[PDB]
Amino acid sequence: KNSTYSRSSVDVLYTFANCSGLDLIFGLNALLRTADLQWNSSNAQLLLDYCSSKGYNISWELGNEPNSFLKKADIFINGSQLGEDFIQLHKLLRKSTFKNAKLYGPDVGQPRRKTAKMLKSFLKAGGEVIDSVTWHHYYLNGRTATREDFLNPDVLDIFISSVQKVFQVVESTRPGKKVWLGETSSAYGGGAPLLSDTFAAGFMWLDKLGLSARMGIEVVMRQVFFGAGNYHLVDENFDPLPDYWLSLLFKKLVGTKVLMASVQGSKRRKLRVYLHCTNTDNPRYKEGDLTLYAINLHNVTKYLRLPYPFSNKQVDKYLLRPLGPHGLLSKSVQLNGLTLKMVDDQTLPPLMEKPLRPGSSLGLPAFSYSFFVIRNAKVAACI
């Protein structure tokens, strides 16, 4: 059902983003239609005018999951028309003080929601005016998802085909356009209770980040930072869940330059490995350093051997495991055996490495994920 929001509602959202050092992207209502089913930009014009008066630095999307519009509002908007609508919105932004803002879309569902024709006709029509192509992904239905589903490499692997199908459409219409996961998580319908909000959620989240980076996705937008759905990073008491801590550790250690790692074992898909240059905005590490992250979905400890010539380097381990008694269904996580908690409402804890003895294999316990920084790697691609 339709509902209105106030200048106050815009101010609260803007200030949250601004004071948190985040870049706000605001989804405009795409179901405001003329008799001819053109997009009606008049409400959006009011909003752009208000945000202008305030000096708000905001970027834009138009519509959410347009593939669902027939299901959700008994209105069918083909991709050609939605493309035409993005072109009108782009002309508005150019004729506003938002001339230099970004426009993203079209926020289509994943390939399994049979969205290929809508995305292709959209990119043919309106692809010239979008700064990135946005699409959505969920692995599972929140109502039916099981604990085994969250630990299943066969579930994780389906994401690879989803990404290849999106790139196939984009390559055919706007080759070299940036591709964003504009909205993504474990399980649709608000998440899976006691799964989407636990240590168990981290296998899907860290693997999606690893595959997204490896396969050429530029940005991944986690559904949600905070809200009603069980896939929230922060719960209703404002307490960070295990995926929040995973996300913070990822940010601190993983750089923008994506490399590749692979297991020589010919099978399982149970041991999943990703390799980037180390984040150099991080002051403990230097140019050339590598960050390996790994998931172990085996039910035993696995020992990773670094290849030549990295096999005698100093390595800092950052191993995440649940705080008991609830194991993988825990909402509390330990980093190298120390529980991660806010020090107080204004202060995050240090994220303390465990240095390993040089030349040791990397120990990864059953049902665990870990970052490993290879110090003094001296990788010229990371210099």
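We number the residues from 1 along the sequence you see. Between two forms, the rigid core is defined as the largest C-alpha subset superposing within 1.5 Å.
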By Cα RMS to this form in 5 other deposited structures of this protein after fitting the core, the stretch ranking higher of 110 to 118 and 184 to 192 is 110 to 118
RMS over structures and residues, CA atoms, rigid core fit in 5 other deposited structures of this protein: 268 to 276 vs 173 to 181, larger is 268 to 276
Averaging CA B factors per stretch from the PDB record, which one is higher: 287 to 295 or 259 to 267?
259 to 267
Quick one: higher average CA temperature factor, 360 to 368 or 13 to 21?
13 to 21
Among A101, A200, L304, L181, where is the Cα B factor highest in this entry?
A101
Please pick out which of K177, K114, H276, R214 has the largest Cα B-factor as recorded in the entry.
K114
How does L89 rank on Cα B-factor within its chain, lowest, middle or highest third?
highest
Lowest, middle or highest third: where is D316 by C-alpha B factor in its chain?
lowest
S330 - which third its CA temperature factor falls in, relative to the rest of the chain:
lowest
What third of the chain, by the recorded C-alpha B-factor, contains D149?
middle
Rank-wise, by C-alpha B-factor, drop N336 into the lowest, middle or highest third of its chain.
lowest
